[PDB]
Amino acid sequence: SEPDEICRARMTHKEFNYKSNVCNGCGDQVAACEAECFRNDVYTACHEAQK
């Protein structure tokens, strides 16, 4: 049960890769965005900000 191990084990690779790209495109909030497996308001803000 590692940091980004348990989270991944609950999601598919396609979903994990997709969301990861969204958070990575968020800027310096990468870690914040990644905090809750992309389940956070920053993720929404970042995701909504990306076309």
# chains A, B, ... in the order shown; residues from 1 in each chain; ligands from 1
call {"tool": "residues_around", "arguments": {"residues": "residue 30 in chain A", "least_positions_apart": "6", "cutoff": "10 Å", "atoms": "only C-alpha atoms", "output": "list in words"}}
result
residues 20, 21, 22, 23, 24, 38, 42, 43 and 46 of chain A
call {"tool": "closest_residue", "arguments": {"among": "A:37, A:31, A:6, A:26", "to": "residue 49 in chain A", "atoms": "only C-alpha atoms"}}
result
A:26
call {"tool": "atom_distance", "arguments": {"atom1": "CA of residue 18 in chain A", "atom2": "CA of residue 41 in chain A"}}
result
16.9 Å
call {"tool": "select_by_dssp", "arguments": {"residues": "chain A", "states": "helix (DSSP H, G or I)", "output": "PyMOL selection string"}}
result
chain A and resi 3-6+8-10+13-24+30-35+41-49
